[PDB]
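A short write-up of the structure that comes next.
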Amino acid sequence: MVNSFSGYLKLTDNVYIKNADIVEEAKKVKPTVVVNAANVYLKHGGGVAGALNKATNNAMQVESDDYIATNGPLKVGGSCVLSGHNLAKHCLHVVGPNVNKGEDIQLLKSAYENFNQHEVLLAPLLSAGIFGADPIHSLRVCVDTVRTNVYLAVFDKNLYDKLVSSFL
Ligand SMILES: Nc1ncnc2c1ncn2[C@@H]1O[C@H](COP(=O)(O)OP(=O)(O)OC[C@H]2O[C@H](O)[C@H](O)[C@@H]2O)[C@@H](O)[C@H]1O
């Protein structure tokens with residue numbers, strides 16, 4: 002597939018990065034897969050999840066509530082594929098570890114492995130926000146784990162500028 006992703010810096014053969022709001026990227030590109038940085042309950046309160054959900058006029062949350070009622074919570078490091086609504090064909094909800102609540106940072110690798118089930122993804126840095134993982138570590142795990150084509154949208158300008166001048 003050829004998508005309209007534009008303005009990305011190349012990190013590796015398969016990883017690209019941009020200082021952009023993932024919601025705006027998704028609206029513009031309408032990718033096959035947008036990744037959400039979820040919790041196990043799919044309660045999309047803030048950060049990427051809250052912003053994606055608001056942009057769907059709460060349809061993502063309503064769908065997620067049905068998913069949980071049927072299937073129960075995700076695993077830490079796990080994922081599910083749901084609709085992307087008005088933003089993308091699909092949303093891959095992926096749960097990084099909540100390091101701030103004692104969950105094992107090693108599960109971040111398991112979380113990123115879910116990306117390998119999709120040829121192309123628009124994604125955030127899992128666990129790097131409210132979940133408290135070091136952002137550069139999340140980027141390095143992404144680079145070292147994901148083999149499919151991943152376009153990373155980093156909202157925060159100061160963070161982006163630091164990440165792109167760090168070794169991988
Ligand atoms: N609109 C955005 N576009 C791109 N990146 C963003 C955006 N908003 C935040 N980031 C960055 O995206 C990165 C991830 O920040 P987070 O979204 O907190 O995800 P987590 O995995 O740490 O925490 C999961 C919880 O977050 C939610 O509350 C969920 O419901 C979960 O409970 C950071 O670098 C952010 O600067």
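In short: position in the sequence shown from 1, add 1, done, that's the deposited numbering. Positions of the beta carbon are idealized from the N, C-alpha and C atoms, including for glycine.
Check, Outcome
"I need the DSSP call for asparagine 20, collapsed to helix, strand or coil.", "strand"
"Should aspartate 162 be counted as a contact of ligand 1 given a C-beta to heavy atom distance under 6 angstroms?", "no"
"Of all the options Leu122, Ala129, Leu126, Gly79, which has the alpha carbon lying nearest to the alpha carbon of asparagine 15?", "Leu122"
"If we ignore side chains and look at the alpha-carbon of each, how far apart do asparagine 99 and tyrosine 17 end up?", "25 angstroms"
"Leaving out the 5 sequence neighbours to the left and right, which residues in its chain are closer than 7 angstroms to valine 77 when beta-carbon positions are compared?", "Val41, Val96, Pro98, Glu104, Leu108"
"Going by DSSP in three states, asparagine 150 sits in which element: helix, strand or coil?", "strand"
"My parser needs the alpha helix (DSSP H) runs of 4 or more residues fully inside the stretch 37-115; what are they?", "48-56, 60-72, 108-114"
"May I have the straight-line CA-CA distance separating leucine 12 from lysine 28, to the nearest angstrom?", "23 angstroms"
"What residues are listed by DSSP as bridge partners for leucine 10?", "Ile18"
"Using the DSSP secondary-structure output, state which residues sit across from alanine 124 in a beta bridge.", "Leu153"
"Residues in its own chain within less than 8 angstroms of residue 1 by CB, not counting five upstream and five downstream?", "Within the shown structure, residues of the chain are numbered from 2 to 169, placing residue 1 beyond reach of any answer."
"Between which two residues does the alpha helix (DSSP H) carrying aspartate 162 extend?", "158-164"
"Count Cβ pairs between the stretch 32-39 and the stretch 77-92 that sit closer than 8 angstroms; are there 3 or more?", "yes"
"Going by beta carbon distance, what residues of the same chain come within less than 6 angstroms of residue 179, once the five residues before and after it are set aside?", "Beyond the ends of the chain as shown, which are 2 and 169, falls residue 179; an answer cannot be given."
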